[PDB]
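# Geometric and topological summary
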Amino acid sequence: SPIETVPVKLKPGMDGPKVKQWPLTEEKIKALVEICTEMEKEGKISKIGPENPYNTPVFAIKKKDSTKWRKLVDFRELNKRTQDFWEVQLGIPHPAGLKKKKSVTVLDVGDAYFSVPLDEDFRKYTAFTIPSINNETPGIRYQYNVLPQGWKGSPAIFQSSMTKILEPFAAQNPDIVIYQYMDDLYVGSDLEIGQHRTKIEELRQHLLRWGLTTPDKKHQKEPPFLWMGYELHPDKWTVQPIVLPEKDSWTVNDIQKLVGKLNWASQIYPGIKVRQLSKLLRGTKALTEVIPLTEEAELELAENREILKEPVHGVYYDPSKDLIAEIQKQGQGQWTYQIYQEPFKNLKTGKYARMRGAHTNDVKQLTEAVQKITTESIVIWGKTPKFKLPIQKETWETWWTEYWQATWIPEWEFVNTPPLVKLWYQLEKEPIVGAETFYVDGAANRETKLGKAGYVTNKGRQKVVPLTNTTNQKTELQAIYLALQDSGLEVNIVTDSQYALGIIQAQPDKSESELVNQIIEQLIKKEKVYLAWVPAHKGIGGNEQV
Amino acid sequence: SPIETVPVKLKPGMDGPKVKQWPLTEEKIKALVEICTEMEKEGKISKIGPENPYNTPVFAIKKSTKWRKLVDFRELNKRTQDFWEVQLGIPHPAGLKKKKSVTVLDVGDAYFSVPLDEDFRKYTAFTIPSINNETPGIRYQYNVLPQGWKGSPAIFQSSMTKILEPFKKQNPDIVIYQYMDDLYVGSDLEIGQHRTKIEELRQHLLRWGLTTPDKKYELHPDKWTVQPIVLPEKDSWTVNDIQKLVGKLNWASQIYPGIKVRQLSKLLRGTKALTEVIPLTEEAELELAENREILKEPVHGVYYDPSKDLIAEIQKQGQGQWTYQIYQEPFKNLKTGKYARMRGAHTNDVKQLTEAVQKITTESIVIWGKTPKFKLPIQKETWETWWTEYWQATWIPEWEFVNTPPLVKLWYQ
Ligand SMILES: N#Cc1cc2c(Oc3ccc(F)cc3OCCn3ccc(=O)[nH]c3=O)cc(F)cn2c1
C-alpha cells in the first residue's frame with residue numbers, strides 16, 4: 001500500500017479480455033493451487049467472486065530442477081487492450097561514458113513486479129480461473145493486486161516506483177551514484193570502503209521497508225561484472241569473450257551471427273572489417289540457404305581472427321581531461337576511428353562504412369565518419385571531441401568550397417599518418433585554350449541491349465566502338481572514357497548526358513564499376529580536363545546516331 | 001484561472017504525438033533543467049508519470065547570452081491545429097506584404113497566464129534527456145498555454161484583439177498580424193516614425209500586462225518579388241559561352257514557352273573548338289535580345305493555391321551566397337530571392353543556411369500566412385545536430401533533405 005499506484009486505463013473504445021481456458025490436466029491444477037495460495041497470503045492476488053468479471057488464460061510448466069514450479073499467465077490479449085505507457089529506457093549506458101569510482105555495488109531486486117501494487121480500478125481486468133475437472137465443480141477465480149508478470153505496463157510502472165523510492169535516499173546521500181536498469185541497481189561512490197559498505201546496508205534496509213528484497217547472502221557479485229555482454233573491471237572495460245565458430249558450410253543465419261559478433265567486437269578491438277562478409281548478406285532472399293564464401297570474405301575473417309587473438313581493453317571517462325577522436329582509412333570504403341583521452345588508453349573504437357550509393361570520394365566519406373562520431377560522443381559523453389584527421393587543410397577547404405552541399409567540421413588538427421585524404425584530380429573551371437575538343441555521345445537499345453559509343457573531335461577525328469550487353473548510361477560513360485583514352489594530357493570533352501556529367505563532377509575516387517574506376521584513372525593521368533554539357537537534341541555541335 | 005479552460009479536442013480518429021528526443025549537449029541539458037525547474041515553481045509545467053506515453057522534442061537556443069527553451073510542437077500542431085485552424089483560426093491579411101516596413105515583436109509571454117485544458121495537458125508532454133542513458137529523463141507536461149503550439153495564439157486571439165483595439169483606433173493605417181508568438185506590425189511611415197509607433201505599441205502592450213523582450217529586426221515587403229533570370233552579357237562570345245547560353249535558354253523554355261533557340265544554335269554548325277570566338281549574326285542578336293526582355297517579365301497564370309502546401313528549395317552558390325525559390329507546383333515559382341551573409345572568419349555553411357531558412361520562413365509568413373516545407377541541401381544527421389546553434393526564431397518549419405541538385409547552380413545566378 002505505501003507505494004502509490006499508477007492509474008492505468010484501457011485503450012479508448014475497448015474492454016477487458018473475456019478469454020476462457022478449460023485445458024491443462026488435473027496434475028498441474030493442484031500444482032497451481034500450491035502457488036496461488038502462497039501468492040494470496042502475500043497479498044499479491046485475491047480471490048474474486050462470481051461478479052461476472054473478465055478472464056485470461058493461465059498455463060503451468062516445470063523447469064530444470066523441478067523442485068521450483070513456474071506459473072505462466074498469457075497476458076497477450078490483455079496487453080492489446082491496455083493503454084500505452086512511456087517507453088522504458090531503450091538504450092543501455094555505454095561503459096566508455098561511465099566514470100571511475102572506488103567502490104561499485106550491484107543489487108538485483110527479487111519479486112520486483114510483485115512488490116509494486118496495481119491500480120485498484122484496473123485489477124478486475126486481470127482475473128483468471130484455475131480449471132477444475134468438469135464434475136460440475138466451479139473454477140476458483142483470482143486477480144492480481146500487484147504488477148502482473150508479463151503485463152504491458154509492469155516495467156514502466158516499476159521503474160517509476162523504483163525512482164520515487166530512491167528519491168528520499170539520493171537526497172540524503174548526494175555523494176553516491178545509483179544507476180537504475182530493469183530489476184538491477186548499480187550503486188557506486190568514492191567513499192572509503194568502510195563507510196561504503198555501511199551506505200549499501202542503509203540502502204538495503206531502506207528498500208526493504210518498501211517491500212523490495214536485496215541479496216543478503218554474501219554480496220552477490222564481485223569485480224568481474226558480466227553485464228550485457230561486457231566486462232566491467234574496476235579500472236578497465238572490455239566486451240565479453242568473442243568466439244568465432246569454424247565451419248565448412250556457412251548459412252545465412254550463421255553469417256548474420258558472425259557479423260553480429262564482429263560488430264559487437266568492433267567497440268574496442270581496432271581494425272575490425274565487415275564489408276566483405278556483409279556483402280555476402282546482401283542477398284536477403286533466404287532463411288537458411290547455404291551461401292558460399294568468397295576469397296575476400298575468408299581473408300577478412302582471417303584478419304578479424306588475428307585481431308581477436310590478442311585481447312585489448314578500454315578505459316573509463318575523466319571529465320577533467322579532453323576528448324579526442326582519430327580516424328584512419330582502411331581502403332575499401334571502410335573507415336576506423338578511436339576515441340580516447342590518453343595515448344595508450346582508448347575509451348572506445350568504432351568503424352564507419354559507406355554502404356549507401358555506389359559512387360563517393362574519400363573527403364565525403366571522411367565527413368560522414370566525423371558525423372557518426374559526433375553523434376556518438378553527444379550520446380555517450382554529452383560533448384563533441386577534438387578530431388585528428390589525416391587530411392591537409394587546403395584539401396578540405398577546397399572540397400567544401402566546391403561541394404554543392406553544406407558541411408561543417410569542428411576544431412581539427414592534421415595528423416601526418418598515411419594514407420592521407422586528398423582529391424586526386426580537379427576538373428578545369430574554364431575551357432582549355434589549345435586543347436582538342438571531343439564531342440562524345442553514347443546510345444543503346446534497351447530491348448537488344450547492344451549499344452555503341454564514340455566521339456567526334458574538332459581536329460576531324462572520329463571513332464565509333466560497338467558495345468554488347470550495355471545500357472544507355474554505360475555507353476555515355478564509355479564514350480567519355482573513350483575520349484580520355486584517345487586524347488593528350490589536355491582534353492576538352494562535350495557530352496549531352498546529364499547523367500555522366502553528374503557522376504564526373506562529383507569527383508569520385510573509387511567505385512564498384514570498373515568502367516568508372518578506369519575513368520578515374522584517366523582523369524588522374526591527364527593534366528587538364530574540361531567537361532562541358534549541352535542539351536541532347538539541339539543540334540548545336542553534337543553529332544549523334546540512331 | 002480567469003475563465004474556464006477552452007476545451008481542446010484533437011481531430012477524431014488520431015492519437016497524440018510520440019516523437020523521439022534527440023540527444024543533447026551536457027551544457028544544453030543543464031540549461032533546460034534550470035529553466036524547467038523555474039517553470040515548475042511558477043506552476044507552468046508539472047512532472048508526469050509513466051501513464052503519459054506522448055512526447056515532444058525540446059531544444060535549447062540562445063534567444064542574447066542566456067539560454068532559451070524551444071519546443072518542437074510540429075507534430076502536435078498537425079494533430080490539433082489542422083482542426084483548430086478551421087475552428088479558431090486567425091485570418092491572414094493580404095495587405096501586410098505591401099507596407100514599407102514591418103517590425104516583428106515577440107509576444108509569447110502572454111500565453112503563460114492562460115490555463116490549458118486539463119484533459120489536453122497530457123499531449124504537451126516533453127522529456128529532458130540524460131547523458132549516456134543514465135537516468136530515464138525528466139518528463140514534464142504543460143499546465144498553461146505553451147509556446148510553439150499554434151493553439152495558444154488561437155485561444156488567446158480574443159484576448160489579443162481586446163488589447164490591440166485602442167491602438168488600432170489611434171492608428172487606422174497600421175497592419176497587425178499575429179503568428180503564434182510574433183506580432184507583425186507593418187506601416188508606410190518614415191523609418192523614424194515607424195520605430196516610434198512601434199515603441200508606442202510596445203509601451204501600450206507593456207502597460208496592459210503584456211511584456212515583450214525587445215529592449216535594444218525590421219523587414220520591407222515591397223522589395224520581395226520573383227527575381228528575373230539574367231542572361232550573361234560579355235563583350236565577345238565563344239563556342240563554350242554560346243553552349244552555356246543555349247543550354248540555359250532551353251532550361252528556361254520550361255517556364256517561358258515563348259523562347260526560340262534555333263538561331264543561336266545555328267551560329268555554331270558543329271565540330272568547333274570550345275575556345276573559338278564566334279561573332280553573332282543579326283538574327284542571333286535579334287533572337288538573343290528578344291529572349292532577354294521576355295525573360296525580364298513575370299510569368300502568366302502563377303497564383304497561390306491555399307489548398308496546396310508551400311515548397312522552398314535552397315541551393316548553395318559559394319562565397320556566402322545562397323539562392324532560393326518558393327513554389328507550389330514545379331516551375332510555378334511564386335517568389336525567388338538570393339540570401340547573402342558577410343564572409344570572413346565569423347561564418348560557415350550551416351550558419352548561412354540556417355539564417356537563410358529563417359529569412360525565407362519569415363517572408364512566407366508575411367506573404368501567405370503559413371510556412372513552407374524546405375528541401376535542404378545538407379546531410380540529414382549533420383543538420384539535425386547543429387541547426388539549434390544559430391536558430392533564433394521561435395517556430396520550426398518542416399524540412400526534408402535532398403541529395404541530387406543538378407547543374408541548376410549556374411542557372412539561378
Ligand atoms: N553488474 C553490473 C553493472 C554495474 C554497473 C555500473 O556501476 C557503476 C555505478 C556508478 C558509477 F559511478 C560507476 C559504475 O561502474 C563503473 C565501473 N566500475 C566497476 C567496478 C569498480 O570497482 N569500479 C568501477 O569504476 C554502472 C553501469 F552503467 C552499469 N553497470 C552494470
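Residues numbered from 1 in each chain as written, not as in the entry; some residues may be left out. Chains lettered and ligands numbered in written order. Heavy atoms only, no water.

Deposited coordinates in this entry are attributed by the record to X-ray crystallography, at a stated resolution of 3.327 Å.

### A word on the site of the ligand
Residues and elements named next belong to chain A. The ligand sits among 16 residues. The nearest are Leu98, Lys101, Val104, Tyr186 and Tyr316. Between the ligand and the protein, one listed contact pairs a nitrogen atom with a side-chain N or O atom of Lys100 at 3.5 Å. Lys101 places a polar main-chain atom, nitrogen or oxygen, 3.3 Å from a nitrogen atom of the ligand. Counting residues per element, the ones that place at least two in the shell around the ligand are β3 (103-108) and β7 (184-189). Taken together, the residues of the shell around the ligand break down into 11 nonpolar, one polar and four charged. A domain-level breakdown of the shell around the ligand finds at least three residues from each of domain 2 (89-113 + 155-223) and domain 3 (224-317). (Near = heavy atom within 4 Å. Polar contact = N/O pair within 3.5 Å; in protein donor to acceptor, adjacent residues only side chain to side chain. Helix = DSSP H or I, 4+ residues; strand = E, 2+ residues; numbered from the N terminus. Nonpolar A, V, L, I, M, F, W, Y, C, P; charged D, E, K, R; others polar. Domains from an automatic or database assignment.)

### Overview of the interface of chain A and chain B
With 62 residues of chain A at the contact, the number on the chain B side is 58 residues. Taking both sides of the interface into account, the surface hidden between chain A and chain B amounts to around 4900 Å²; carbon and sulfur atoms contribute 57%. Considering only the surface of chain A that becomes buried against chain B, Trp86, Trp404 and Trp408 of chain A emerge as the three largest contributors, covering 17% of it. Between the two partners, chain A and chain B, sit two salt bridges. (Contact = heavy atoms within 4.5 Å. Buried area = accessible area lost by both parts, 1.4 Å probe. Salt bridge = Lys/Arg side-chain N within 4 Å of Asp/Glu carboxyl O.)

### Regarding the domain arrangement of chain A
Residues and elements named next belong to chain A. Segmentation of chain A into domains returns domain 1 (1-88 + 114-154), domain 2 (89-113 + 155-223), domain 3 (224-317), domain 4 (318-424) and domain 5 (425-546). Opposite the four residues of domain 2 that make contact, domain 4 presents five residues. Taking both sides of the interface into account, the surface hidden between domain 2 and domain 4 amounts to around 360 Å²; carbon and sulfur atoms contribute 74%. Looking only at domain 2, the three residues that lose the most surface to domain 4 are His94, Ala96 and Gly97, adding up to 83% of its buried area. Across the domain 2-domain 4 interface, the total number found is zero salt bridges. At the junction of domain 2 and domain 4, the tally comes to one residue pair in polar contact. Residue classes in the side of domain 2 that touches domain 4 are distributed as one nonpolar, two polar and one charged.

### A few points about the sheet that holds strand β1 (residues 45-47) of chain B
All names here are of chain B. Strand order in this open sheet of three strands is β1-β6-β5, and the pairing throughout is antiparallel. Strands at the two margins of the open sheet, each flanked by one partner only, are β1 and β5 (126-128). Strand-to-strand twist in this sheet, taken as the mean axis angle between neighbours without regard to direction, amounts to 40°. (Pairing = 2+ DSSP bridges. Axes fitted to C-alpha atoms, helices over the stretch in contact; angles between N-to-C directions.)

### A short note on the domain arrangement of chain B
Frequently, the measure chosen for interface size is the accessible area that the parts lose on association. All names here are of chain B. If you check the domain split of chain B, you get domain 1 (7-94 + 120-160), domain 2 (95-119 + 161-218), domain 3 (219-304) and domain 4 (305-413). Between domain 1 and domain 4, the residue contacts involve 13 residues of the former and 17 residues of the latter. Interface area for domain 1 against domain 4, summed over the two sides, is near 1200 Å², with a carbon-plus-sulfur share of 53%. When residues of domain 1 are sorted by the area they lose upon contact with domain 4, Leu70, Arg74 and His92 head the list and together hold 44% of the total. At the boundary of domain 1 and domain 4, one finds one salt bridge.

### Thoughts on the pattern of salt bridges
In a structure, side chains of opposite charge can pair up when their charged atoms sit close to one another. Scanning the entire structure with this criterion turns up 40 salt bridges over all chains. Note that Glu120 of chain A is salt-bridged to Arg123 of chain A, the shortest N-O span being 2.8 Å. One salt bridge connects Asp188 of chain B with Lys99 of chain B, and the closest N-O pair in it is separated by 3.1 Å. Residue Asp188 of chain B is located in the loop between β8 (182-187) and α5 (191-206), and its partner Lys99 of chain B is located in the loop between α2 (74-87) and β4 (101-106); the two are separated by 89 residues in the primary sequence. By relative accessible area, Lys99 of chain B is classed as buried at 13%. By sharing partners, the salt bridges in this structure join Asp84 and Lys152 of chain A together with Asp15 and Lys18 of chain B into a single network. (Buried < 20%, exposed > 50% of the residue type's maximum accessible area, 1.4 Å probe, protein only.)

### Describing the sheet that holds strand β10 (residues 311-318) of chain B
All names here are of chain B. Spatially, the five strands line up as an open sheet ordered β12-β11-β10-β13-β14, and their pairing is mixed. Edge strands, defined here as strands with exactly one partner in the open sheet, are β12 (335-340) and β14 (399-401). Strand-to-strand, the axes of this sheet are offset by a mean angle of 20°, without reference to chain direction. The sheet contact formed by strand β13 (residues 373-376) and β14 spans three bridges and is parallel. The residue of β14 that forms the bridge with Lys375 is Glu400. In this fold helix α9 (residues 349-368) packs onto β10, β11 (321-327), β12 and β13, with an angle of close to 35° to the strand it touches most, β11.

### With respect to the packing of aromatic side chains
For the structure on display, the rule yields 40 aromatic pairs over all chains. Linked through ring pairs, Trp22, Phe59, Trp383, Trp387, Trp391, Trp395 and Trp399 of chain B together constitute an aromatic cluster. Lying across the ring of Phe126 of chain B, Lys69 of chain B places its NZ or CZ 4.8 Å from the centre. Taking the ring centre of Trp86 of chain A as reference, the NZ or CZ of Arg139 of chain B above it sits at 3.8 Å. (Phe/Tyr/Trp six-rings, centres within 6.5 Å; stacked < 30°, edge-to-face > 60°. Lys NZ or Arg CZ within 6 Å of the ring centre and 35° of its normal.)

### A short note on the pairing of strand β3 (residues 68-71) of chain B
Residues and elements named next belong to chain B. The two faces of β3 match: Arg68 and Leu70 on one face and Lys69 and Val71 on the other face are all buried. Judged from the four bridges that link them, strand β2 (residues 58-61) and β3 form a sheet pairing that is antiparallel. Looking at the pairing, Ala60 lines up with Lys69 of β3.

### Here we look at helix α4 (residues 193-209) of chain A
Residue and element names in this part refer to chain A. Counted at 1.5 Å a residue, the expected span for α4 with its 17 residues is 24 Å, and the 25 Å between its end C-alpha atoms agrees. Of the positions making up α4, those classed as buried are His196, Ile200, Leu203, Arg204, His206 and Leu207. Projected onto a plane normal to the axis of α4, the buried residues spread over an arc of 160° and lie on a single side. The inward-facing, buried residues of α4 contact β3, α3 (154-170), β6 (177-181) and β7. Count one or two residues on from α4 and you reach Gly211, which has phi positive near 90°. (Expected span 1.5 Å × (residues − 1). Arc of directions from axis to C-beta.)

### Here's the deal with the pairing of strand β21 (residues 528-533) of chain A
Residue and element names in this part refer to chain A. Of all six residues in β21, five are buried; the element is thus mostly enclosed. Sheet topology note: the strand β19 (residues 490-495)/β21 ladder contains six bridges and is parallel. Paired with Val494 across the two strands is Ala532, which belongs to β21.

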